[PDB]
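Here is the structure we will look at.
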Amino acid sequence: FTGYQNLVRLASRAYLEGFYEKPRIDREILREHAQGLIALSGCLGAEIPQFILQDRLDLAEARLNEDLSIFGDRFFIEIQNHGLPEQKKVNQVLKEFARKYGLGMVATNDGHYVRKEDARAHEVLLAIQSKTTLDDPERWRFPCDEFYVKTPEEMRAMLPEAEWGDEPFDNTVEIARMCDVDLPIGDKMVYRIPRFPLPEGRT
Amino acid sequence: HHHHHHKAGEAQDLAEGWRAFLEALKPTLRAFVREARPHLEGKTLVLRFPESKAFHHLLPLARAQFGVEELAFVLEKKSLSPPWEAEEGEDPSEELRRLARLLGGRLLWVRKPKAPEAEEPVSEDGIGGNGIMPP
Amino acid sequence: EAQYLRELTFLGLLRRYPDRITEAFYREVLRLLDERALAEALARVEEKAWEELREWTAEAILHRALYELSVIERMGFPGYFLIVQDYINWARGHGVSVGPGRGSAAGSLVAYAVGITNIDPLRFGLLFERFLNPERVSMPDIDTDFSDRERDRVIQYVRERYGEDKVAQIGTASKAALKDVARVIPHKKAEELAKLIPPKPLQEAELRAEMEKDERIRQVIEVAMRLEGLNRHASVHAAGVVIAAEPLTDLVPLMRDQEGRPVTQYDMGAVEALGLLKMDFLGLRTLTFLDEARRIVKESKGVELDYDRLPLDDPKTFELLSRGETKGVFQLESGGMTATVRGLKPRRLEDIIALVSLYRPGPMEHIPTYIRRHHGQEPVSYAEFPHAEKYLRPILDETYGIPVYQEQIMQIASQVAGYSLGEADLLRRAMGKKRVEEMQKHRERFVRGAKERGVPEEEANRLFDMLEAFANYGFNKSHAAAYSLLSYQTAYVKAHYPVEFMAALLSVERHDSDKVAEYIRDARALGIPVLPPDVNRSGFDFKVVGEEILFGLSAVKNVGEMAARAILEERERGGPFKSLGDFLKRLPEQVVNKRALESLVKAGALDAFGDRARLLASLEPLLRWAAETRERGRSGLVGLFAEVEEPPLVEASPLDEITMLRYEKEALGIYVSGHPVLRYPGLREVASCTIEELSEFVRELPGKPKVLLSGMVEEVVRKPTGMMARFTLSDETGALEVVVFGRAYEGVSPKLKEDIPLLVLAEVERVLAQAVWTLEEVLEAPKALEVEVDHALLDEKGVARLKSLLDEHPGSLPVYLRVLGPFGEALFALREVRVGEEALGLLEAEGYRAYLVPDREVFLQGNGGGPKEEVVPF
Amino acid sequence: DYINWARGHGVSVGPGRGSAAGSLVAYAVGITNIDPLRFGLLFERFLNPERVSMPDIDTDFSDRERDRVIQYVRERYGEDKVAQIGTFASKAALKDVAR
Amino acid sequence: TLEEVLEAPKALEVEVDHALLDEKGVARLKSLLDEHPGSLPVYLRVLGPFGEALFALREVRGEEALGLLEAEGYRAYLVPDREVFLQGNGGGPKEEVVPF
DNA sequence: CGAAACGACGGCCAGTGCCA
DNA sequence: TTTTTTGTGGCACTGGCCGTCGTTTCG
Ligand SMILES: [Mg+2]
Ligand SMILES: [Zn+2]
Ligand SMILES: [Zn+2]
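Residue numbers (the deposited numbering), protein chains in the order written: chain G, 103 to 305; chain V, 367 to 423, 433 to 456, 490 to 543; chain L, 306 to 338, 346 to 366, 377 to 494, 499 to 510, 513 to 526, 532 to 538, 544 to 1059, 1063 to 1106, 1112 to 1220; chain D, 408 to 495, 499 to 509; chain S, 1120 to 1180, 1182 to 1220.
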């Protein structure tokens, strides 16, 4: 719940203060509101995996050091594999950071839709925000149709066993178990109700 | 921080100087450096506290940094740091006193008004006149 | 009405005597003719029955209880009882203390069982016949002690229970007649006229020759004797409360006092004479003290003090009274009384019962006899009454052969003369009344029953001489036993828990500034520290943290009651206060204003955060800062932007002890660490009469002597009628009302006011000053050598060692000797030897502690120095 | 407080809505402004004594002067403690998919 | 001496292991003790992390507790009371030699 | 016609004077 | 426990200190 409260601020800060194109935050305020948060390295659009694509291993390490200074043992290496050749580049070197510092890896898929058959349903939803025809071209597209809620068995197809192992899969269930976020509701849930002030001063 | 509270104006501005462990005024600092040390440690122990600062990078953790070299001051005492004193005046005293501490009172003294007393009462005039009374 | 009284007795006996009166034992009694069912069944019947069944065994407790109920029912007072314990058992249930009982009331086993009385009457020598005389129909007068605070609540209960119109409180000089008329204040000669009777009426009053001196006095005395009988006006009685059956308006006329309490127009004797039920609700302070004793002990160490289940033979409790530590021990605080207990060395509760009873002008002569018999250095003989011995011994062994209590004489009369214990009560009445020749009925009656029992009529008459002698000063055991229990409870809390006992004393009398000052110095000289208040650790009132007494937040002067609570409540929901900034940003000026903040710093409650002179300067700056932080937080924001964390504390030079302690006096009411006088200890040594030791030292001296005394001035007056300024000199041992009358000579001419020390020559009879000297007048005046030698030094060596070492260093300094003897600090100025101010250091080389103290003999005159020149160094 | 504030600072408050008008206390203090005992208005429908449920008091204001009354609450209780609630089709979905 | 100890006054006792939850005392224990009054004190041998402490709470006093008290890591002995072994009254030293 | 600011005030807490 | 020459209690009234209401003037 302390983490949930920090997420409530970080989200509120991003809109109220750091809003330009999207609602953005800082590593400075993340440092302030990192209490009770678990961090993952992120998708290809993230800080470390983008620095790796620029052939800049020196900046991604120091950026990993900056996040490792904030979250400590609450930081993790996010390893997600779709069809992308850029993920080969990234995941290979991410593995080295994971093995050097001893951070532990967590597997994910970055799903935007439920099943694989939604691929076109999602793709047309992109064309509605982009306001273009099915064959524009140059329309807001996603690189594939692999962005869905995959089966545990189906994850191994993307992440081979004699290469990754079981640590990405097992950590996924361990972190899910340890995320004990109970919002105050049910037999819980107290009333945050104000007093008012006072007369003068009486009951 | 208990010392940092005792702070009697300019009292602790010299206190931070006197039992030191600094580095010739200390680069980028500050006085005290013993304010940061317990922030690094995080009292009492406490496992999830002294790791924090070492992982980013009481006394042994403080010695583990650190701006040592210099070596100035020691105690806690050490120094640096018509009738009157007199004669003249050093110190050590050359007329009255002391069986010191009293020594120390003549070094903060100079100069050059007599009385007062200040702080205030009230024996520096008496010990002076009494010292003149035995020629 | 009589049956429900029986139920409550049978129910009561079970809980008061667990090991003896059990469910099993009650069933048995039913068989010879749920626990509550048995008491119910025993009530039903019946006198004829109970009668047939006709140390303290299980059968004896019943017979006693059965006999008292028989008497109470027959005389027609079961209803009177049921009313009494109802409001007492209500008081217990609603958090109101009830005493063990006063008067004869404690003698009844029924009263004890049910819950009126809370002392075992059959364990001690208490009698029901003393309480209610079975052979005479007279209403018993039950008086009950309560907590002085919660006394009105129990009267308020009665007013609601029995009706507002049927319940109300009862309504309530020669010297004044001469003065009070004249007053409508100085006299000055009018007091000398009324000092002739310090009062009995002028009807009698042999210095009446003053009348015929002046014609003014002729009338005034004759007029004053005519206005004596008036009883002043009307007012409320402390304990008096009446409960009539029918509305009071029907018989007794009423009033309402200034506090709105309903008051009877008749007095006690007039209300009783009409035959109305009267009750006395007394307000005791010991019960109030014992309430705070239980809460602090439970708060400190998690112990539930059950006063009614304490062991009566605790060794630490009695050996504490044996050491004369009766500082706050109930019924035992008097000077001579304290000395009497240390001599006696009490070991059982009966020693305190006898001591308290004997200690008063009359039976006090028997106390020394009691102590030697008690300590085991004088045989207890009854050789004067050999035949009567067997009856006297079991009665008098408890008190070592001394007829102390009234119950003993009743027992001695009943057993030896064969009287009924009811009519042995009547015999006590006759001996007190001293009826000319009526007690000669009791003499011959005693002799007849005496010799039938065995006494040969030579002893019988002399035995009666003994009784009538001790009957004059015979005290009631029931009352003494009950009140002695509260003394023992008080002593018990002190012995085992001395810190919280001392903190209780401070808590009870927290408003009186003189007592607090006394209680602190008693605690400081007993190993128990007494710290100032603290926002982090102090509670509302006095508190015991670990083994240290700690001042409350309410004790601070300018800090509000709401403020005291608000500060405390903020700390609980949040953490402990980390800094000054944290304090005043969490607690706005709204609640804790600047006036209260300043007084909190002066009191020392914020000492954890830093220096007081620095904190007092940092107030307004940080108040602006704290005001600005809210304005930012009251506009979205979060933290780093909303707060530039508290600046460094606004520098200031530290306070000197004079002004620091002066602020402490303003913050709380009295100084923190005793002092200041002893900061310059050269003068403390001189003290020819310490404030405490003044009475002890001055009385054994010539008629109205003179003596010099120092301390600290704490009062401002000047003149005129002249120069008549009343100042108060205060020491670490106390203070005195010093005049300031002789000064109009003129003149001592102080002009010193508060916060400066002085030395004062004065005459004593009250004290009357004559000459005065400030600190610099003392320090300049020619000094003298003073050695402080211990008792340990033999005379036939012969003490030539001290004389040899004083010979070698001649000069002109009087030598003083402080001999700490077995009892009293002696003062000894030497003889011929005058030191030359080199022998101080060379003497300290040996095992002696010398000083360069001011010469006492010099303090006089107004030249040579002089007083002008002694103001120059200051 | 804010209803009485509204009246004094030129903001017309409505006589009430929902079950709020049922309470005499509400009427007396001035939340609602219609005599509940004159008409057949009952308290027990507003607050059921035999059930601890928080009563929801809705108040009608002038549509011009409504933002002022909210502003009063923002200033009074704290800017960080006062905010308005957020509010998030079959035909629309068909057409957009048709495009 | 031993011969005194074995014949001396026998105060009640309950030995308690360091393992102790907050929701076990002091209501359940004091209730069992209050129901049986007597003339002997009770003690608490707390076998702590380092050293054997003794918290002799208060007059509580009954010989049925043993059965319910061993239903746990705690045991009840009738030892010669540690907090005594001082003073020179009440007993005393003579009446400790008498029953031997 | 509404807001802002000055001016007069109100309420509470604390001390201090005398009631059983 | 009651009487005396005394102290202390407990309550009531005044006064000094921080946020409130009303009128008035200017935008
Ligand atoms: Mg009575
Ligand atoms: Zn992404
Ligand atoms: Zn994503």
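Backbone N, C-alpha and C define an ideal beta-carbon position, used for all residues, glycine too.
Beta-carbon separation (whole angstroms), residue i vs residue j, contact threshold 8 Å
{"i": "residue 541/L", "j": "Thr655/L", "result": "There are no coordinates for residue 541/L in this structure, because the numbering of chain L runs from 538 directly to 544."}
{"i": "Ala1196/S", "j": "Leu1206/S", "result": "So it is not a contact: roughly 24 Å between Cβ atoms."}
{"i": "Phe249/G", "j": "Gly213/G", "result": "6 Å"}
{"i": "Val667/L", "j": "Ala726/L", "result": "Wrong, their Cβ atoms sit about 38 Å apart, outside the cutoff."}
{"i": "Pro422/L", "j": "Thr439/L", "result": "6 Å"}
{"i": "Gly437/L", "j": "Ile410/L", "result": "6 Å"}
{"i": "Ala990/L", "j": "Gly383/V", "result": "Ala990/L to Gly383/V, Cβ: 19 Å. No contact."}
When the options are compared against residue i, the one with the closest alpha-carbon
{"i": "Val1010/L", "options": "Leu999/L, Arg632/L, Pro1019/L, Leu843/L", "result": "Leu999/L"}
{"i": "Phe878/L", "options": "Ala902/L, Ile858/L, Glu856/L", "result": "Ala902/L"}
{"i": "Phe453/L", "options": "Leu759/L, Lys932/L, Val1204/L, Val897/L", "result": "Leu759/L"}
{"i": "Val1165/L", "options": "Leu1152/L, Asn411/L, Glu1134/L, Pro1091/L", "result": "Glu1134/L"}
{"i": "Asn538/V", "options": "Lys639/L, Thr494/L, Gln308/L, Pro1128/L", "result": "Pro1128/L"}
{"i": "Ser426/L", "options": "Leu444/L, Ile464/L, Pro400/L", "result": "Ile464/L"}
{"i": "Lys683/L", "options": "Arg661/L, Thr626/L, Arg356/L, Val635/L", "result": "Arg661/L"}
{"i": "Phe315/L", "options": "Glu306/L, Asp346/L, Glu352/L", "result": "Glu352/L"}
{"i": "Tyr708/L", "options": "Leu734/L, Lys1044/L, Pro591/L", "result": "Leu734/L"}
{"i": "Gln753/L", "options": "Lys772/L, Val742/L, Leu730/L, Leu765/L", "result": "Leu730/L"}
{"i": "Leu524/L", "options": "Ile513/L, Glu548/L, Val1217/L", "result": "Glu548/L"}
{"i": "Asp268/G", "options": "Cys145/G, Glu255/G, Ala136/G", "result": "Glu255/G"}
{"i": "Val641/L", "options": "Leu648/L, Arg647/L, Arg632/L", "result": "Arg632/L"}
Within chain G, the residues that residue i reaches when beta carbons sit closer than 7 Å
{"i": "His422/V", "result": "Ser171"}
{"i": "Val976/L", "result": "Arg111, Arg115"}
Beta-carbon neighbours of residue i, restricted to chain S and to distances below 8 Å
{"i": "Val641/L", "result": "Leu1176, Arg1177"}
Chain-ordered neighbours of residue i on chain S, where CB pairs are closer than 7 Å
{"i": "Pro323/L", "result": "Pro1156"}
Neighbour list for residue i in chain L, Cβ cutoff strictly below 7 Å
{"i": "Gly485/D", "result": "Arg972"}
{"i": "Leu118/G", "result": "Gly974"}
Interface partners of residue i on chain L, CB under 8 Å
{"i": "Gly1210/S", "result": "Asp651, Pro653"}
{"i": "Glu134/G", "result": "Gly977, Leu978"}
Chain D contact residues for residue i, given Cβ-Cβ distances below 8 Å
{"i": "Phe298/G", "result": "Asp408"}
{"i": "residue 53/G", "result": "The structure shown does not extend to residue 53/G, since chain G spans only 103 to 305, so no value can be given for it."}
Within chain V, partners of residue i - CB distance below 7 Å
{"i": "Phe1220/L", "result": "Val530"}
Chain G residues whose Cβ lies nearer than 9 Å to that of residue i
{"i": "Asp474/D", "result": "Result: empty, since nearest Cβ-Cβ is about 20 Å, beyond 9 Å."}
Partner residues on chain D for residue i, Cβ-Cβ distance less than 7 Å
{"i": "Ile230/G", "result": "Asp506"}
Interface partners of residue i on chain V, CB under 8 Å
{"i": "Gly174/G", "result": "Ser418, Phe421"}
{"i": "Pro992/L", "result": "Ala374, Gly375, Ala377"}
Contact list for residue i against chain L, beta-carbon separation under 9 Å
{"i": "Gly534/V", "result": "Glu1122, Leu1125, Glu1126, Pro1219"}
* What is the chain-ordered set of residues for which the beta carbon lies under 5 Å from any non-hydrogen atom of ligand 2? -> Having a Cβ closer than 5 Å to some heavy atom of ligand 2 are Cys145/G, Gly147/G.
* **Exercise answer, beta-carbon shell around ligand 1 heavy atoms below 7 Å** => Around ligand 1, the residues selected by a Cβ distance under 7 Å to any of its heavy atoms are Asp463/L, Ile464/L, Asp465/L, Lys616/L, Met617/L, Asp618/L, following chain order.
* Which parts of the region 394–429 of chain L are runs of the alpha helix (DSSP H), unbroken and 4 residues or longer, counting only runs that do not cross its ends? -> Within the region 394–429 of chain L, the complete alpha helix (DSSP H) runs of at least 4 residues are 400–415.
* **Unbroken stretches of the alpha helix (DSSP H), 4 residues or longer, contained in the region 595–667 of chain L** => Runs of the alpha helix (DSSP H) lying entirely within the region 595–667 of chain L and spanning at least 4 residues, in chain order: 606–611, 624–639, 653–660.
* With a floor of 4 residues, list each alpha helix (DSSP H) that falls wholly inside the region 763–790 of chain L, ordered by position along the chain. => Scanning the region 763–790 of chain L from its first residue to its last, no whole alpha helix (DSSP H) run of 4-plus residues comes out.
* Complete alpha helix (DSSP H) runs within the region 991–1030 of chain L (minimum length 4 residues, chain order) -> Listed in chain order, they are 995–1005, 1019–1024.
* Where are the beta strand (DSSP E) runs, 3 residues long or more, that stay fully inside the region 869–943 of chain L, in chain order? -> Entirely contained in the region 869–943 of chain L, the beta strand (DSSP E) runs reaching 3 residues are, in chain order, 881–883, 886–888.
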